[PDB]
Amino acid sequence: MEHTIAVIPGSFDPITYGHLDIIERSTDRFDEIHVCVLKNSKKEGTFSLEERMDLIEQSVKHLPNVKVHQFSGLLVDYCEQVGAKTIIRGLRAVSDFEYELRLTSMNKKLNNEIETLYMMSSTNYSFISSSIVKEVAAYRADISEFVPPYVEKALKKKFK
């Protein structure tokens, strides 16, 4: 090849094993995995950018090649700047498919050199979303099956 980077964009509010299975399935497929998050999203999520970045950073410790960045402008500009010709997105459902088809179509208009590549969520994590883990957290049920140790502790302390 050459030297190979893939970007894995997301909100990760918070990161879950669903998101991790995708990053983990990407690690020995590329040289460098950049987990990437949006700055001044203007939405507002349960957790701040910083906490979100640290929750990722602690969850992805056991994988050397994964970095965690933030940005700024267009994601396709990031891939341009930094040497990645490949974006990785997961699919859980028809819903995801539709939303991603319109984004990829726009991105391919913005930068024809970048490709987006999809992976199907695996079976035991396809119903996982952070929205719904956050909901279960609010009722203080056991989330240990859904998110890693660190973000588990960050949601207990958030919902009490």
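Each residue number is its position in the shown sequence, starting from 1.
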Next item on the list: State whether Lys42, though modelled here, is left unmodelled in a third or more of the other entries compared.
Entry: yes
Check: As stated in the PDB record, which stretch has the larger average Cα B-factor, 37-45 or 110-118?
Finding: 37-45
Checklist line | Higher-scoring stretch by recorded Cα B factor average, 51-59 or 93-101 | finding: 51-59
Notebook entry, point to check: Can you tell me which third, lowest, middle or highest, the CA B-factor of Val68 falls into for its chain?
Noted result: highest
Checklist line | Third assignment of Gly18 from its chain's C-alpha B-factors | finding: lowest
Notebook entry, point to check: Among the modelled residues of its chain, does the C-alpha B-factor of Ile88 lie in the lowest, middle or highest third?
Noted result: lowest
Next item on the list: Comparing against every modelled residue in the chain, figure out the third that the C-alpha B-factor of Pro148 lands in (lowest, middle or highest).
Entry: highest
Notebook entry, point to check: Ranked by Cα temperature factor within the chain, is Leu155 in the lowest third, the middle third or the highest third?
Noted result: highest
